[PDB]
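There's a structure below that I have some questions on.
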Amino acid sequence: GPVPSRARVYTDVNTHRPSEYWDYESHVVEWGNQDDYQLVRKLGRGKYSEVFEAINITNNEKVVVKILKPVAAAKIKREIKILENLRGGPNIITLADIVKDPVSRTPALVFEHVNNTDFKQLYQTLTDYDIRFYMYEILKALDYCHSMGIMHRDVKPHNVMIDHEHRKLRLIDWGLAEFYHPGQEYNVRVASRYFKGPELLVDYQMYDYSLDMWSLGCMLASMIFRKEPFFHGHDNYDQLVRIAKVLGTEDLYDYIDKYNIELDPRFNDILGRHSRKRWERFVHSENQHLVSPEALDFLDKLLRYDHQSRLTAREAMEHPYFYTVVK
Ligand SMILES: Nc1ncnc2c1ncn2[C@@H]1O[C@H](COP(=O)(O)OP(=O)(O)OP(=O)(O)O)[C@@H](O)[C@H]1O
C-alpha cells in the first residue's frame with residue numbers, strides 16, 4: 001500500500017505540548033454574554049455559518065459574529081481550540097469571544113473586525129512591492145500556526161484579509177484547520193478546488209503543513225501572472241490535468257511511484273503526456289511588472305508535486321524575493 005510520510009519540520013510539536021492543547025473534545029468552552037453584542041447587518045452565509053457585522057456594546061467597537069449552523073460538534077470544538085491556541089500570534093485573526101446565540105441556540109464566534117480592502121481591488125492594484133510585502137506577512141501567519149502544530153488547509157484569497165490603509169493582514173476562517181499528528185491519515189476533502197495540492201488530488205491522506213505552501217504558491221502564481229485562478233480545473237480530476245500541463249507528467253509519475261500511490265484509473269484517459277513549461281512561458285506585457293527572476297525562483301520552490309520538497313514557511317522567509325521588503 002502507500003508509503004507513509006511525515007513533515008520535515010514541527011513533527012513533535014503536539015507530543016511535547018500537554019494533551020489539553022490538541023485534544024479539542026475534552027475542551028470546556030467558557031461562554032461569554034450574548035447581549036454584549038448587537039447585530040448590525042448580514043455579511044454572508046457559508047455552508048457551516050452565517051456571518052454578521054456587529055457592535056460590542058461594552059466598548060462600542062465593531063466585531064464580526066459567526067453563528068454556526070448545527071452540523072457536527074467535533075468540527076466546532078476543533079475550530080475554537082485552534083483559535084484559542086493561536087490567539088495573539090502574528091497576523092492570526094483574534095477570537096474575541098464565544099457566546100450561545102439566542103435564536104439558533106448554537107455557538108457564535110466573535111472575532112475582531114477587519115475593515116478589509118475589496119479582494120478584486122487587491123488583485124487588480126497591489127504592486128510588485130506590495131505582493132512581496134503581503135506574502136511575507138502571510139508567511140509569518142503560516143510559520144506561526146505550523147510551529148504551533150496546526151495546518152490551515154484552506155489558504156486562498158478570501159481567507160487572507162488585508163486592510164491596505166493600515167498595511168494590516170489577517171489569516172481567517174480556521175474551520176477547516178487541523179492539528180498535525182505524524183502518521184495521521186486526514187480527509188482529502190479540504191481547500192477550495194483551485195488551491196488543492198496534488199496530495200489531495202491523488203488521494204494521499206498522510207499530508208502535513210506543506211499543503212498550505214502549495215495553496216500559497218497558487219495565490220502567488222495567480223497574482224504575478226495575472227491569471228485568476230492559475231490552475232483552472234473544471235472539477236477535481238481536471239484540476240490535476242491543469243497542474244500537469246504546467247509541471248509535466250514525468251514528475252507526477254515519480255511522485256506517485258515514490259509514495260506507492262494507486263492513481264485513480266479515471267486519470268488514464270485524461271492526464272495525457274506533458275513536459276514542464278519554463279516559468280518564463282507565462283510572462284507577457286500585462287504581467288511583466290510583477291515578475292522577476294527571484295519571484296519565479298520562489299514560486300518554483302512552492303509549486304512542487306512532492307509535498308516533502310516544497311519550501312517550509314520559515315525557509316520561504318529567507319528567499320531573495322523578500323530582500324527588498326522593509327523589515
Ligand atoms: N473578521 C472579519 N472582519 C470583517 N469581515 C469579515 C471577517 N470575517 C469574515 N468577514 C466577512 O464576512 C463575509 C461573509 O463571510 P464568508 O466566509 O461567508 O465569505 P467568503 O469569504 O466570500 O466565502 P467563500 O469562502 O465561499 O469565498 C465576507 O465578506 C468576509 O470577508
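What you see below is based on every heavy atom in this structure, not just the backbone, and it leaves out hydrogens, waters and symmetry mates. Start at 1 with the first residue, then count along the sequence. First listed ligand is number 1; within each ligand, the first listed atom is number 1.
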Going by a strict under-4.0 Å cutoff (protein heavy atoms only), does atom 28 (C) of ligand 1 have a neighbour on the protein?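 No, there is none.
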Within ligand 1, which atoms have a heavy atom of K156 less than 4.0 Å away?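 Taking each heavy atom of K156 in turn, ligand 1 has 24 (P), 25 (O), 27 (O) under 4.0 Å.
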Under 3.5 Å, is there a donor-acceptor pair linking the side chains of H307 and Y255?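 Per modelled atom types, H307 and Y255 side chains form a pair under 3.5 Å.
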Determine, counting only non-hydrogen atoms of the protein, whether one lies under 4.0 angstrom from atom 1 (N) of ligand 1.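 Yes; the ligand atom in question has protein heavy-atom contact below 4.0 Å.
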Side chains of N91 and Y144: donor-acceptor distance under 3.5 Å anywhere?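 There is no such pair between these side chains.
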Between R153 and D212, does a salt bridge (charged side-chain N to carboxylate O under 4.0 Å, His left out) hold up when you go through it step by step? CA-CA 6 Å; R153 311 200 297 180; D212 295 335; over 6 Å; no
Any atoms of ligand 1 less than 4.0 Å from a non-hydrogen atom of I93? List them with their elements.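 Taking each heavy atom of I93 in turn, ligand 1 has 1 (N) under 4.0 Å.
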Are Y237 and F267 an aromatic pair, judged by ring center distance below 6.0 Å?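 So the answer is yes for these two rings.
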Return yes when at least one protein heavy atom is under 4.0 Å from atom 5 (N) of ligand 1, and no when none is.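 It does: a protein heavy atom is found less than 4.0 Å away from atom 5 (N) of ligand 1.
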Within a distance under 4.0 Å of any heavy atom of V114, pick out the atoms of ligand 1 and give their elements.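 What qualifies from ligand 1 is 3 (N), 4 (C).
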Identify, by atom number and element, the atoms of ligand 1 in contact range of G44, meaning under 4.0 Å from any of its heavy atoms.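 Those of ligand 1 that fall under 4.0 Å from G44 are 14 (C).
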cation_pi(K301, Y321) dist<6.0 Å, angle<=45: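 No, a cation-pi geometry is absent between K301 and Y321.
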Could you list which atoms of ligand 1 come closer than 4.0 Å to a heavy atom of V64?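 Checking each atom against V64, I get 2 (C), 3 (N), 4 (C), 5 (N), 6 (C), 7 (C), 8 (N).
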Please state which option from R170, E112, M161, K66 has its nearest heavy atom closest to atom 30 (C) of ligand 1.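 Among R170, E112, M161, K66, the closest heavy atom to atom 30 (C) of ligand 1 belongs to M161.
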Taking the cut-offs as 6.0 angstrom to the six-membered ring centre and 45 degrees off its axis, would you call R167 and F133 a cation-pi pair?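 Yes, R167 lies over the aromatic ring of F133.
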Tell me, which protein residue and heavy-atom name are nearest atom 15 (O) of ligand 1, and how many Å apart are they?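 Ranked first by proximity to atom 15 (O) of ligand 1 is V51 CG2, 3.7 Å.
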Would you say that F282 contacts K277 through its side chain, given a criterion of any heavy-atom pair below 4.5 Å between the two side chains?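 Of all side-chain heavy-atom pairs linking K277 with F282, at least one is under 4.5 Å.
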Can you check atom 17 (O) of ligand 1: any protein non-hydrogen atom closer than 4.0 Å?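 False for atom 17 (O) of ligand 1.
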If you measure only the distance, is there a donor-acceptor pair under 3.5 Å linking the side chains of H27 and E20?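 No, no side-chain donor-acceptor pair sits under 3.5 Å.
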Using distance alone, decide if ligand 1 has a nitrogen or oxygen within less than 3.5 Å of any nitrogen or oxygen in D173.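 N/O-N/O distance below 3.5 Å does not exist for this pair.
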Any protein heavy atom < 4.0 Å from atom 22 (O) of ligand 1: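 Yes, there is a protein heavy atom closer to it than 4.0 Å.
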Atom 20 (P) of ligand 1 - nearest protein heavy atom and its distance: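 For atom 20 (P) of ligand 1, the nearest protein heavy atom comes out as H158 ND1, 4.3 Å.
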Would you verify whether the NZ or CZ of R226 falls within 45 degrees of the ring axis of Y123 while also being under 6.0 Å from that six-membered ring's centre?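 Judged by the rule, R226 and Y123 form a cation-pi pair.
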